[PDB]
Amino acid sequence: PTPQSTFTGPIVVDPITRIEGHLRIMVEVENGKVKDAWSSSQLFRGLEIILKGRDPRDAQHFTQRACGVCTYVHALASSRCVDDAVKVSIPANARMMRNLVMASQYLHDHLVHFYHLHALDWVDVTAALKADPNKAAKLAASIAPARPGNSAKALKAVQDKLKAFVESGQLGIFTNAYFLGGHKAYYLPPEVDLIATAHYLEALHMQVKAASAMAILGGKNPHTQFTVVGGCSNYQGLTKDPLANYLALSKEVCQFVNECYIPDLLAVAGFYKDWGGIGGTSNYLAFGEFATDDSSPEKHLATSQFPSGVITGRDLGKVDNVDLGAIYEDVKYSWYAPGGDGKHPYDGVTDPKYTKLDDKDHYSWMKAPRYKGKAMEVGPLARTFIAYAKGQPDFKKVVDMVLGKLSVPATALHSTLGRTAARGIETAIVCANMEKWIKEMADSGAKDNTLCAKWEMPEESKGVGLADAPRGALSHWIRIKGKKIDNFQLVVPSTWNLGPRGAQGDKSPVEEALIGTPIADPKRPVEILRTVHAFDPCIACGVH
């Protein structure tokens, strides 16, 4: 069964490594199981305060720096936000190019997350040295497609590289790893660790290609520079040779997704089936992404190919429509001044006020986003459930392929294992659509190269820009006054997922998912990391 100690007391993990930003997690453990938790964000920058009084056209360039991991997504949200405020509808080619760059971001972001941020919570790299390459090559034939990088020869070279590294005594990024000398919560046999490790190194090279594909349309990665009010500036991105290169690179990345990422994910989930009953939550929100009509926020919600919606109490039989007026942020348990609770983003208030470390009344720089008083999980799992419930064909096939492979019910997905599987699921679906989306833009741009519409700056107005970034529902809200930024508020996926308690003391998704976490070894609490990393935390995003 699931290794669990008898430990009773507190555990603090700071810093949480292998995420973006600065997170501090506190838990109370009783008999080897978490009974209470706190998600404490440790850095404030204040982009919302900085944008006040500035040119609305500049907003996208400031907000993109909210995060360099989910690069682009904020530039996109700000562009959509300001496009809505000036009431301009972007040309079809601009919609297509914007959505493709988002698709490329999904591929890059999820590949890096699984291998470079999450995998070391499930894979014991040092145990890879115990593996027999020939036995690993044979096992690789029984869990994944045939490929030269999985040969005994290739796996031996990886092992030999790793052995020389470890024998140097300079363990670098592996220094003091929780898996050193063995750990009861790590289940994988040495043969699987070796396979996973070879792919870890391959992903380091593959992510460089995924970034190149994105830069063809985006100008550069990190931090794209091709979006403008009314559309895009990259005319070259509509031409033949650049889009042929974009397809070739994308096809390489997708081959890696199907040959390595999904198979590695499935193997790992197969060994850790017990994690299908740990770390689940109940409410899911998604604004949707990849819309066929982005002429307004309403059209975005309704035409997103990855559907938008709201699920409550795990009821996959009732997907409600998103009510953008029902969103608000609380600050009761956050480091902000009193009187800022229950604010809708259009009326958002960012007034920083610090108290002290581990103050149970004020313990995070993140605000607490709530929907009609309920905490909402956002991200790949939310999107997957919403799409599955609505019978989205691509999601039904893939979710069912995963359930059929793991021999588990769909309810097993309400968990840390499901959350991890969901991220892989949508990566596979984006991959399946790349060739279709690229062809649509190629044909359109060849026919007519309009890429940016005409518009006018209003004296006064407001707007909202919606997006479903790799981590979930993203929204930028602007109030324009005197042709300037009067108020600008960001409500980011990691704010929904990892923020603190709301005005009712109600736990956030991550705090709630941490309850019931078994702790095999209090000194090396990998289980806490597994669940937290499953949400793919981005703290600079969360706080901005």
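Only the largest set of C-alpha atoms that superpose within 1.5 Å between the two forms is called the rigid core. Start at 1 with the first residue shown and count on from there.
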Task: Farther-lying stretch by C-alpha RMS in 5 other deposited structures of this protein (rigid core fit) among 138 to 146, 432 to 440 - done: 138 to 146
Task: Between 210 to 218 and 331 to 339 (mean CA B-factor, as deposited), the higher - done: 331 to 339
Task: Higher-B stretch (mean Cα B-factor, as the entry records it), 502 to 510 or 43 to 51 - done: 502 to 510
Task: Selection from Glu289, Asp359, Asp347, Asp84 [criterion: highest C-alpha temperature factor in the record] - done: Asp359
Open item on the list: I'd like to know which of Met366, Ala453, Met102, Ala144 has the highest C-alpha temperature factor in the PDB entry.
Closed with: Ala144
Open item on the list: Lowest, middle or highest third: which one holds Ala520 when the chain's residues are ordered by CA B-factor from the entry?
Closed with: highest
- [ ] Could you tell me which third, lowest, middle or highest, the C-alpha B-factor of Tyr72 occupies within its chain?
- [x] lowest
Open item on the list: Splitting the chain's C-alpha B-factors into thirds, which one does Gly32 fall into?
Closed with: highest
Open item on the list: Please say which third, lowest, middle or highest, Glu298 falls into when its CA temperature factor is compared across its chain.
Closed with: middle
Open item on the list: Using the temperature factors of the C-alpha atoms in this entry, rank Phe226 within its chain: lowest, middle or highest third.
Closed with: lowest
